[PDB]
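Protein chains in written order, with the deposited numbering: chain C, 5 to 110; chain B, 5 to 111; chain A, 2 to 108.
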Amino acid sequence: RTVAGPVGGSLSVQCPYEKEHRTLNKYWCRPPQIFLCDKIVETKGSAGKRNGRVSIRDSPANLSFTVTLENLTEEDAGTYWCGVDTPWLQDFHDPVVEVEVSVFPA
Amino acid sequence: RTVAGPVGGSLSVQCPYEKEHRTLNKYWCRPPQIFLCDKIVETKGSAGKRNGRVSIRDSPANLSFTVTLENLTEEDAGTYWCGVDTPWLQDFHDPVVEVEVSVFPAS
Amino acid sequence: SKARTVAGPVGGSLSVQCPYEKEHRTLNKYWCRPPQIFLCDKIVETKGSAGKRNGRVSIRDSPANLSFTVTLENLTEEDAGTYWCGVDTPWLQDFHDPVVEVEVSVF
Numbered sequence: 005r006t007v008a009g010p011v012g013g014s015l016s017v018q019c020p021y022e023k024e025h026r027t028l029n030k031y032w033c034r035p036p037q038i039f040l041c042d043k044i045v046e047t048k049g050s051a052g053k054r055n056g057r058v059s060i061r062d063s064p065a066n067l068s069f070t071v072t073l074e075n076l077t078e079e080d081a082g083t084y085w086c087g088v089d090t091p092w093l094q095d096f097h098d099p100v101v102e103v104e105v106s107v108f109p110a
Numbered sequence: 005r006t007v008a009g010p011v012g013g014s015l016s017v018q019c020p021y022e023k024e025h026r027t028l029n030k031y032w033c034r035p036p037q038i039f040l041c042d043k044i045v046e047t048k049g050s051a052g053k054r055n056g057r058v059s060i061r062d063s064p065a066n067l068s069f070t071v072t073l074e075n076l077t078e079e080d081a082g083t084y085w086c087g088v089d090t091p092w093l094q095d096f097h098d099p100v101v102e103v104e105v106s107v108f109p110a111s
Numbered sequence: 002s003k004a005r006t007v008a009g010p011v012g013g014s015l016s017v018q019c020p021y022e023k024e025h026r027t028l029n030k031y032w033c034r035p036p037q038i039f040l041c042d043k044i045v046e047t048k049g050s051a052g053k054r055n056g057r058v059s060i061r062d063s064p065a066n067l068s069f070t071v072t073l074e075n076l077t078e079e080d081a082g083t084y085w086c087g088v089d090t091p092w093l094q095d096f097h098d099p100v101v102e103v104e105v106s107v108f
């Protein structure tokens, strides 16, 4: 998926998932070179739900979660994964929506 | 996931998988390293279902398979992979569930 | 594991429900205060030497519904506290993460 916002602006991405995933850890990360991606925020694991300009909120009742990036900078752009964390060692084998972030001039 | 048992005792470990994997070879292997992980037991592969004190049994109805260790020894402890042998290209290799096996004193 | 609080009145028959997943279906299901060291003292269990019924405690597995139930009769203040809705391999004493960590509160 592709999403775009202006520098200084904000963006949110909604990522859907299936009913059995309601209670699983939900996360946001860049695609890794190792099995585990470096989770920027997550709903249940140790990254925390908020880290600086990035936050994550799960809405099981709608079968989706939303990642929000505040005060965008050019560095925020790029490929990300929004994932639901399943038993697999590698996050690649989770249900993942790939999200491509663009950041344009304000 | 960690499963543990006493020296001389037994344990079994469950390894979940996806519906797509029901018909695939399942395995149990040590070291957790791609290519170097040697399959101790497999459900279809030539390692066989039982290799000494270890066996494997698949239950596609519960989307998991179970590895059993008997007569545990200290050397049985370590990190293992429960693996699904997927016959297609994967950028991060076969899907695996990582299991820490621990052995505690025999009571 | 998952966390559940189960509350009921003193002298009541308290019904603790412990859901689980498909991988746990065939496992022994148990009730116990969490382990002092490695393993807990199984109060009741569905597939073990402990028995499904002992004193005011009894257990019933409902694998079709991916849940088991522990019933506490004649609930007292001393019953409050932390417990494991535990799982292990039938007829043996191995360590698995419990499926539910239960807090019993008595009012």
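The beta carbon of each residue, even a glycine, is placed where N, CA and C say it ideally should be.
Item to complete: Assign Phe108 (chain B) to one of three DSSP states: helix, strand, or coil.
Response: As a first step, residue 108 (chain B) must be located in the second sequence, where it is residue number 104. Note: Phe108 (chain B) maps to strand in three-state DSSP.
Practice prompt. Report the partner residues of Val7 (chain C) according to the DSSP bridge assignment.
Written response: Counted from its first residue, the first sequence places residue 7 (chain C) at position 3. Paired residue(s): C:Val105.
Practice prompt. Grab the span of the beta strand (DSSP E) containing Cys86 (chain A) for me, first residue to last.
Written response: For this step, residue 86 (chain A) is matched to residue 85 along the third sequence. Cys86 (chain A) -> beta strand (DSSP E) spans 82 to 89.
Practice prompt. Could you please give me the residues that DSSP links to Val58 (chain A) through a beta bridge?
Written response: Locating residue 58 (chain A) in the third sequence gives position 57, where the first residue counts as 1. According to DSSP, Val58 (chain A) bridges with A:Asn55, A:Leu73.
Practice prompt. Could you say which of C:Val88, C:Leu93, C:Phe108, C:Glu74 lies nearest to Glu102 (chain C) if we only look at CA atoms?
Written response: Locating residue 102 (chain C) in the first sequence gives position 98, counting from the first residue. Ranking the options by Cα distance to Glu102 (chain C), first place goes to C:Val88.
Discussion item. By the three-class DSSP mapping on this structure, what secondary structure does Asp95 (chain C) have?
Written reply: As a working mapping, residue 95 (chain C) is identified with position 91 in the first sequence. Reduced to three states, the DSSP call for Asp95 (chain C) is helix.
Discussion item. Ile60 (chain C) and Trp85 (chain C) - do their beta-carbons sit closer together than 8 Å?
Written reply: Reading the first sequence from its first residue, position 81 is the one you call residue 85 (chain C). Reading the first sequence from its first residue, position 56 is the one you call residue 60 (chain C). No. Outside cutoff.
Practice prompt. For chain B, find out if any of its Cβ atoms is closer than 8 Å to the Cβ of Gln94 (chain A); answer yes or no.
Written response: Position 93 of the third sequence holds residue 94 (chain A). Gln94 (chain A) counts as touching chain B.
Worksheet item: Does the beta carbon of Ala81 (chain B) come closer than 8 Å to any beta carbon on chain A?
Response: Indexing the second sequence from 1 puts residue 81 (chain B) at position 77. Judged by the 8 Å Cβ criterion, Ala81 (chain B) is not in contact with chain A.
Discussion item. Quick check on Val71 (chain B) - is its C-beta less than 8 Å from some C-beta in chain C?
Written reply: Taking the second sequence and counting its residues from 1, the one referred to as residue 71 (chain B) is at position 67. No, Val71 (chain B) does not count as interfacial toward chain C.
Worksheet item: Hey, is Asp62 (chain A)'s beta-carbon within less than 8 Å of any beta-carbon in chain B?
Response: Within the third sequence, numbered from 1, the residue matching residue 62 (chain A) stands at position 61. So, not an interface residue.
Worksheet item: What's the C-alpha gap between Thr47 (chain A) and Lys30 (chain A)?
Response: As a first step, residue 47 (chain A) is located in the third sequence; it is residue number 46 there, counting from the start. As a first step, residue 30 (chain A) is located in the third sequence; it is residue number 29 there, counting from the start. Cα to Cα, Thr47 (chain A) sits roughly 5 Å from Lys30 (chain A).
Worksheet item: Buried or exposed: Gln94 (chain A), going by 16 or more other Cβ atoms within 10 Å of its Cβ?
Response: What you label residue 94 (chain A) is simply residue 93 of the third sequence in a count that begins at 1. The residue is buried, with at least 16 neighbouring Cβ atoms inside 10 Å.
Worksheet entry | Proximal residues, the region 23 to 35 of chain A versus chain B, C-beta separation under 8 Å | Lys23, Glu24, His25, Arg26, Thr27, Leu28
Item to complete: Determine the chain A residues that contact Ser68 (chain B) at a beta-carbon separation under 8 Å, and present them in chain order.
Response: If you number the second sequence from 1, residue 68 (chain B) lands on position 64. Those within 8 Å of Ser68 (chain B) in chain A are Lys23, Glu24.
Discussion item. For the pair the region 11 to 26 of chain B and the region 67 to 80 of chain B, tell me if three or more CB-CB distances fall below 8 Å.
Written reply: yes
Fill in: Which residues DSSP lists as bridging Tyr31 (chain A), in chain order
The residue given as residue 31 (chain A) occupies position 30 in the third sequence. Bridge partners of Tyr31 (chain A): A:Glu46, A:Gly87.
Discussion item. Measuring only the C-alpha atoms, how far is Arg34 (chain B) from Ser111 (chain B)?
Written reply: Taking the second sequence and counting its residues from 1, the one referred to as residue 34 (chain B) is at position 30. Taking the second sequence and counting its residues from 1, the one referred to as residue 111 (chain B) is at position 107. About 27 Å.
Discussion item. So the candidates are A:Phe108, A:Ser50, A:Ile38, A:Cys41; which of them puts its Cα closest to the Cα of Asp80 (chain A)?
Written reply: Against the third sequence, residue 80 (chain A) aligns to sequence position 79. The candidate whose alpha carbon is nearest that of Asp80 (chain A) is A:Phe108.
Worksheet entry | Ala51 (chain C) classed as buried or exposed, judged by whether at least 16 other C-beta atoms fall within 10 angstroms | Translated into positions along the first sequence, residue 51 (chain C) becomes position 47. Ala51 (chain C) comes out buried.
Worksheet item: Applying the criterion that 16 or more other CB atoms from any shown protein chain within 10 Å of the CB defines a buried residue, is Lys23 (chain C) buried or exposed?
Response: Taking the first sequence and counting its residues from 1, one reaches residue 23 (chain C) at position 19. Result: exposed.
Worksheet item: Name the DSSP beta bridge partners of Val100 (chain A), please?
Response: The count along the third sequence starts at 1 and reaches residue 100 (chain A) at position 99. For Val100 (chain A), which the question treats as bridged, DSSP gives no partner whatsoever.
Worksheet item: Smallest Cα separation from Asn66 (chain A): which of A:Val58, A:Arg26, A:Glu104, A:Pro99?
Response: Position 65 of the third sequence, counting from 1, holds the residue named residue 66 (chain A). Checked all of A:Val58, A:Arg26, A:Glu104, A:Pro99; the closest Cα to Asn66 (chain A) is A:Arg26.
Worksheet item: So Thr70 (chain A) and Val17 (chain A) are in contact, right, with Cβ under 8 Å, and what is the actual spacing, rounded?
Response: Position 69 of the third sequence, counted from the first residue, corresponds to residue 70 (chain A). Position 16 of the third sequence, counted from the first residue, corresponds to residue 17 (chain A). 7 Å between Cβ atoms; contact.
Worksheet entry | Proximity test, Cβ basis, 8 Å: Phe108 (chain C) and chain B | Stepping through the first sequence from its first residue, residue 108 (chain C) is reached at position 104. Answer no: the Cβ-Cβ gap between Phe108 (chain C) and chain B never drops below 8 Å.
Worksheet item: For the candidate residues A:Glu104, A:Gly9, A:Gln37, whose alpha-carbon lies nearest to that of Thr83 (chain A)?
Response: Position 82 of the third sequence, counting from 1, holds the residue named residue 83 (chain A). Among A:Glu104, A:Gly9, A:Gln37, the Cα nearest to that of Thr83 (chain A) belongs to A:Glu104.
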